[PDB]
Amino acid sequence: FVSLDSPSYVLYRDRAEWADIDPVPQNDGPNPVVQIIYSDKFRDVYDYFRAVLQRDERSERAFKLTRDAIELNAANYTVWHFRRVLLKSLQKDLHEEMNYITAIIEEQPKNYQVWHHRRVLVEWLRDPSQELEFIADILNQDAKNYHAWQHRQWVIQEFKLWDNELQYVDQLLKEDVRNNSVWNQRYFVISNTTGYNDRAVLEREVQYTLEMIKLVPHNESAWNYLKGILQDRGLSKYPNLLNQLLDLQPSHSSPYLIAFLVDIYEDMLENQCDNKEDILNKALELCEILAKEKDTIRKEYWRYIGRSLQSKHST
């Protein structure tokens, strides 16, 4: 009807159609703390909100009022809950409400309440048809929006919309191969579709990741993904990988590569590798290099790893 910023906006206390209900002031007590000196407009809306809440008035006027209360503080989860009570009670058009939440999220994309409200609507409608495109628009503005990714994961899993997500992941990795949210989505899609037990899939993934590392060797996300998809079977189960990394070491001795070597050596020692004394020596040398030179921010961690190796494998 009329928005809070509109030139013709009128305070609820001045609206004839609200004259029959008394506003309910907030009681902060006789000696208030963390007391917010509200604007007149804010207090007016919330005094009337408290009134309709207290009376449990399930009306169209109350519904319109929640829209204003939300604009004033979209983190007010009490208002959101009441708005949902009204959506059901008044049998409001949920597609119209979807248009509303779409606009609100675009304005406030980091807010928990707006995303939860959208999920409730999609659940009520059992209609995911606008979701992937809407989320992609939000992600086009902030490609790391945690709420947007979480909602995307929910929609895909709940409505089984897996078919195009790896292609979407690939597009976003082309745009920013350092986008850790997208590497996480890659794992999400593959683990939930083919899995990584298919040796052809794992090889494709290892190859792809090694290629990304070659292109951008100081990108931590690709290194973490490489470890992520190999770690549960055990890094030492992949003997060729060690050789390949060892070849790159002299020319690409980044802390990420050196750390990865230690991780391999750790797992090797845990699995009765051949030449244990030699492998232990090499691992301790790398821990020292990391602690003293290549990764000094993590000196305490690398010193711990060195002591841990010795506690487990010295013999």
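Each residue number is its position in the shown sequence, starting from 1.
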Q.
Test of understanding: from the entry's C-alpha B-factors, which stretch has the higher mean, 258-266 or 34-42?
A. 34-42
Q: For the higher mean C-alpha B factor in the entry, choose 148-156 or 94-102.
A: 94-102
Q) Highest Cα B-factor in the PDB entry belongs to which of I70, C287, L53, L280? A) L53
(Q) Maximum C-alpha temperature factor per the entry, among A75, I229, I135, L125, belongs to which one? (A) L125
Q: Quick one: classify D163 as lowest, middle or highest third of the chain based on its Cα B-factor.
A: highest
Q) What third of its chain, lowest, middle or highest, does the C-alpha temperature factor of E107 fall into? A) highest
(Q) Taking only the Cα B-factors deposited for this chain, tell me whether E17 sits in the lowest, middle or highest third. (A) highest
(Q) Lowest, middle or highest third: which one holds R199 when the chain's residues are ordered by CA B-factor from the entry? (A) highest
Q: Grab the CA temperature factor for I190 from the record and place it in the lowest, middle or highest third of its chain.
A: middle
